[PDB]
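Reading the structure
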Amino acid sequence: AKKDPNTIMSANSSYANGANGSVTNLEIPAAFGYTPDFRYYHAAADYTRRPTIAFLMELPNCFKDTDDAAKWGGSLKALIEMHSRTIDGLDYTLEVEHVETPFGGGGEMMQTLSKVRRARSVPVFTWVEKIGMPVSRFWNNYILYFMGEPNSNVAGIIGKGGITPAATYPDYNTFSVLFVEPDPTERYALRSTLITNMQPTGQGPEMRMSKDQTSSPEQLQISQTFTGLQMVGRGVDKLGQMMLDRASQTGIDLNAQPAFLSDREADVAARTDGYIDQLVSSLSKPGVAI
Amino acid sequence: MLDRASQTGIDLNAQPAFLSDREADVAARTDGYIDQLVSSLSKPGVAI
Amino acid sequence: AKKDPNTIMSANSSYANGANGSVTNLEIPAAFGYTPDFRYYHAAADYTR
């Protein structure tokens, strides 16, 4: 219950510049020297990765031309943010490349810096199907109407007369999403990525059929890959911290939440053949006395 | 020329199936899925 | 000790021409439709090489 005052960086600067939460100090002794010191054990606590949060930032403009844009844009938000069973493919690792020339005939070489490059994100979402197959229809009809249609390679929405030109630009049929890795307390954001130009790519939903009456019915899982252009930096971290400043947890308490039933059903009260009924009506109430 | 051949009011995913019903010979055979329910299986009713 | 008279083909005709033994009728209700029927289980016997 007492740490070294220098365990935590007093202010975030240099390589910690732009960080949000508390950053541990590196210039305090570690455990892998001559011997470890028990006076600095509060500084050995390790980092553990937490799940990523997805925020919808933009909607395709094609939703507007539909008969109901509200439900298209609400369903997309719910699928991105709530129904997402898993997310994957997010990577922005660096890459350094050198060139070589021998420093004599012995075998040694001199290495000179050449270039630095960065990775590319390939978002993958996964969902679990529900009654009525809303997910399969949502994505299939999205592709069919707002993207190419296989037998003509033309969007099926253009069958309406009045769609404006400039419908081939990404703003018509693409959206954007912001991904945030939060703190264990979920108050500060440690990693972030702002991907845009996102729309389905490659294989669509499953869409296979079969007959076997002796087998057991099985579920359906949706796997979807997307496209994207990503930005990383400090402005994106500030954007993520602004996002996570919202969604505050002050006040809530799961232990103190009310139960989802306030009281027994009315039909149950009309049966009079339970535990409480025997006490209320069946047993004689003569009273207790000396 | 391209202005003609307009696509207004067209949808290739809402077009009717090229078949509207099963052939008149299929119905005559009276041995299959619907036939078993219609004539083969007993129909006593459902009483709980 | 009883089975439907239509279980065995009355005559070996059409695609069963030249057959020597008794050939089961494929027009008898089968098990893999809506439900299996116990009245036609005599016709469900298998072929073994």
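As deposited, the entry is annotated with cryo-EM as its determination method and 3.0 Å as its resolution.

Another point: the pairing of strand 5 (residues 124-128) of chain A. Residues and elements named next belong to chain A. Here strand 2 (residues 86-88) runs beside strand 5; their pairing, made up of three bridges, is antiparallel. Paired with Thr-86 across the strands is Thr-126, a residue of strand 5. Taken together, the five bridges between strand 5 and strand 9 (residues 221-226) define a ladder with antiparallel strand orientation. Paired with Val-124 across the strands is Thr-225, a residue of strand 9.

Next up on the list: helix 2 (residues 69-81) of chain A. Residue and element names in this part refer to chain A. Given a rise of 1.5 Å per residue, 13 residues ought to cover 18 Å, and the 18 Å separating the end C-alpha atoms of helix 2 matches this to within 8%. Of the residues making up helix 2, those classed as buried are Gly-73, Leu-76, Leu-79 and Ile-80. Down the axis of helix 2, the sector holding all buried residues measures 130°, keeping them to one side. In helix 2, the exposed positions angled more than 90 degrees off the buried face are occupied by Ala-70 and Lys-71. You can read the cap of helix 2 off the contacts: a side-chain oxygen lies 3.2 Å from the backbone nitrogen of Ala-70, and it is on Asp-68.

Rules of the game
- Residues numbered from 1 in each chain as written, not as in the entry; some residues may be left out.
- Chains lettered and ligands numbered in written order.
- Part of a larger assembly, values for the part shown.
- Heavy atoms only, no water.
- Pairing = 2+ DSSP bridges.
- Helix = DSSP H or I, 4+ residues; strand = E, 2+ residues; numbered from the N terminus.
- Expected span 1.5 Å × (residues − 1).
- Buried < 20%, exposed > 50% of the residue type's maximum accessible area, 1.4 Å probe, protein only.
- Arc of directions from axis to C-beta.
- Polar contact = N/O pair within 3.5 Å; in protein donor to acceptor, adjacent residues only side chain to side chain.

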